[PDB]
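# Analysis of the macromolecular model
So the chains spell out like this:
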Amino acid sequence: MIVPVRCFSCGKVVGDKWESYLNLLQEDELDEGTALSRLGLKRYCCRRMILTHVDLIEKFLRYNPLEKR
Amino acid sequence: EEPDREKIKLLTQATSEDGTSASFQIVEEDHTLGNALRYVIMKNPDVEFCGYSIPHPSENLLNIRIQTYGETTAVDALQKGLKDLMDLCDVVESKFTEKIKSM
Amino acid sequence: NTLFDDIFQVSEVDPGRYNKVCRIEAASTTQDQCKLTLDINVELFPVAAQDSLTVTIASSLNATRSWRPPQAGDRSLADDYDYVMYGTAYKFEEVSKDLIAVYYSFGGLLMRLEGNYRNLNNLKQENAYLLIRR
Amino acid sequence: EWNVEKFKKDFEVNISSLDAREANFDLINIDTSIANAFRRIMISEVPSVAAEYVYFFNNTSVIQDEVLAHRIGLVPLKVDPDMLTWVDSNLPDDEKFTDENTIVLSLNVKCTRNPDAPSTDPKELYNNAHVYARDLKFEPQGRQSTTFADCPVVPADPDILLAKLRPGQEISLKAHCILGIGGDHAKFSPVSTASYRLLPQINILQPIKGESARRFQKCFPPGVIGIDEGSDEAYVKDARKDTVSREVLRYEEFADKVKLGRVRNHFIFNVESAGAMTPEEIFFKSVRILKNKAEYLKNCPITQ
Amino acid sequence: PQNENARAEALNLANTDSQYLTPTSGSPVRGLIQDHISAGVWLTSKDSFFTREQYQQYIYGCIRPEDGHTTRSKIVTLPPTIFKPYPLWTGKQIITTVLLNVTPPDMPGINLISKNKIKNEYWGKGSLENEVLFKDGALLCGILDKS
Ligand SMILES: [Zn+2]
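What counts, and where the lines are drawn
- Residues numbered from 1 in each chain as written, not as in the entry; some residues may be left out.
- Chains lettered and ligands numbered in written order.
- Part of a larger assembly, values for the part shown.
- Heavy atoms only, no water.
- Residues with missing side-chain atoms left out of burial classes, pairs and counts.
- Helix = DSSP H or I, 4+ residues; strand = E, 2+ residues; numbered from the N terminus.
- Buried < 20%, exposed > 50% of the residue type's maximum accessible area, 1.4 Å probe, protein only.
- Contact = heavy atoms within 4.5 Å.
- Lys, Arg positive; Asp, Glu negative; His and termini not counted.
- Charge placed at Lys NZ, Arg CZ, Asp CG, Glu CD.
- Core = buried A, V, L, I, M, F, W, Y, C linked by side-chain atoms within 4.5 Å.
- Domains from an automatic or database assignment.
- Buried area = accessible area lost by both parts, 1.4 Å probe.
- Salt bridge = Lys/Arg side-chain N within 4 Å of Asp/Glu carboxyl O.

If you check the header, you'll see the entry was determined by cryo-EM and the resolution is listed as 3 Å.

This part takes up the overall build of chain B. Check the secondary structure of chain B and you find two helices and four strands. When the helices and strands of chain B are placed in sequence order, the string is β-β-α-β-β-α. C-alpha extents for chain B along the principal axes are approximately 55 × 35 × 35 Å. Across the 103 residues that make up chain B, the buried fraction comes to 53%. Partitioning the contacts of chain B with sequence separation of at least 6, the portion at a separation of at least 24 is 50%. In chain B, 11 positive and 19 negative side-chain charges are present, and the distance between their average locations comes to 8 Å.

A separate point is the nonpolar core. Formed by 62 residues in total, the largest nonpolar core has its most connected members in B:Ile66, B:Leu78, D:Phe25, D:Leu27, D:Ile30 and D:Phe38. With eleven residues, helix α2 (residues 74-98) of chain B is the largest single contributor of residues to this core. By size, the runner-up hydrophobic cluster in this structure holds 37 residues, among which are A:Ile2, D:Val131, D:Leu165 and D:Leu173.

Residues and elements named next belong to chain D. Here chain D is partitioned into domain 1 (1-47 + 187-304) and domain 2 (48-186). On a C-alpha basis, the centres of domain 1 and domain 2 stand 38 Å from each other. Each partner contributes residues to the interface: domain 1 has 15 residues there, and domain 2 has 23 residues. Counting each side, the surface lost to burial between domain 1 and domain 2 is near 1500 Å², with a carbon and sulfur contribution of 57%. Its largest share of buried area at the contact with domain 2, domain 1 owes to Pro47, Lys187 and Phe188, together 54% of the area lost on that side. Connecting domain 1 to domain 2 are three salt bridges. In this structure, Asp157 and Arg21 form a salt bridge, with 3.7 Å as the shortest nitrogen-oxygen distance.

When their charged atoms lie close together, side chains carrying opposite charge are able to pair. Enumeration over the complete set of coordinates arrives at 34 salt bridges over all chains. Between C:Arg23 and C:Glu25 there is a salt bridge, and its shortest N-O distance comes to 3.6 Å. According to the relative accessible area criterion, C:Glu25 is partly exposed, its value standing at 22%. The salt bridge partner of D:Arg240 is D:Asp26, with a shortest N-O separation of 2.8 Å. D:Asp26 carries the same exposure label as D:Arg240, and that label is buried. Taken together, the shared-partner salt bridges connect A:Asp55, A:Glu58, D:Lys164 and D:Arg166 into one network.

Here it is in structure tokens:
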């Protein structure tokens, strides 16, 4: 589903960094370890939450019973 | 005139007749103040025994126990420790103020 | 009152899987029969090999009450000596003729003496101070 | 012989860095019981403002109602405490929230199809397809208009993605943001992480000059050990810089020539923040809580 | 159970305190299991040295007079086993103090000579930590185990 707002272990706000993360991997073309360090994630608790997120909400939203398919 | 009296409680089943030994039970506490206060009561040279004990973690109760030698009851060692921890938070707050005003 | 006193020559200091306790083996310098085997907290009181300790066993310090932490201007027999323990005697053993060996346990830190004459003044009392100078 | 005047002769604070969001500083020669209690209170007992009661009028999106209610509560709000007071729970819900307890946020988002030229990006393709946390607008109730005119209530991180939508779907809610502490729920914790660490102590035992001292460098972070010559050989520059990896204790050259330990009354606090308060101000609150946690026991009758 | 005849038999016949030994061979079935075992090999070790603040904290952490654990209504302690550099209590001396407080005062101490599961050569040359010794209720030698 959507990215968690806070890290589970420390509690830093992590939810505002998912769309900034995908810009760095797509547009700026960095690897995953350098894009996470540029967003400020440095404890490996919060580091593995943007790193390891699936984002299934883009797969759920294809099924919409409120508009013509 | 309603002061709260359900906070600190002298357990009379474990209190000596003289008052040189007494156990207490504070509500809504834990290792936070239970260990910080136990440090300061033990710096009284009349306190023979001091320790806190949390009887169960699922409820907020804190048994502390003070045993003295003499010429100071175990309540007078509790309120001497509570005064020297009030005075110990003044030293921390006033040193840390003077190092922000110095930057 | 002093029950025993001699000067020992440390021959071996074995750490042996511990970090704070070293076993001491020590023969004496005056008599040829009395040995020593002592576990000391070597962190507080470091002992190398070929040292010269002064080992005294006292019965008290000069019907007392109990232990109380030290305070203003109290005087004791422990002031002269650099390392005081307090333990009990649990076993007496005769090795042979004139080789009585006594056993101490300073809270688990064991000790074994040996000799002949000390049977006048080593009872199996649950109070025996042990004090090391130098 | 301890005394509070003898505590004051030997207590120092070195502030290494201070920032809007974090603060690293030292507490020299204080006990572990007191230094833990400041860490203990910064996480739990320091109050902060977060959304507690969420009133959905419609939620036609994919995210559940209680999941989306839970996500609003974790959004940190840039509200100063001591602008609110505490809620009172022994009285019913019509009397419970005032303009002195409560900050009322609201959210009203509808998603619609956008006419755009063409796998296309769903921000160019839909209108309001991403509900960010900055869409929670502040509604001044009562007299929260002359007292919040300097500072409106805005989330501390305004780009938090709260939900995603598709056309037809909508979210229409209204939340009450009450004051609470981190021991009740974690969303009131005013700090990302407050923690301390002891100052490491790196004791060289023998002189290890020369080629051994060059390979003694590499067992540590680079600023820790330094060299000058065979004299001023291999010394500790910054032990505070060291993380205790114990990398030197697994090379058999060095395993007797060094010992690692801590300085047991030198604490290095790293106090971060969730944005609601500056990190040097959730330490002043933390030492004043422990003082006021002791006055309320002194100024109190000893029952029975 | 719903009457007083059955409450007198869940307290006196089928309670856990009378079920210490099983009747299959007479062996005990009740004891501490996994990590209280592996903590008594560190507490009752010879490296354990507690100071005065720590020693009084492990006593009252487990023995509370208010909940009726003691027999004396005043927690009694022992002299330290080190006096002169710094007063330190041994970890075996805590097991002595907890037996000093929960056993009845009129009866004398326990006396026991037993063994451990740990051989002497794991502790070093000339150790006697396989021999458990209690003399007048005082643990004087040996670590405490599953055994
Ligand atoms: Zn984290």
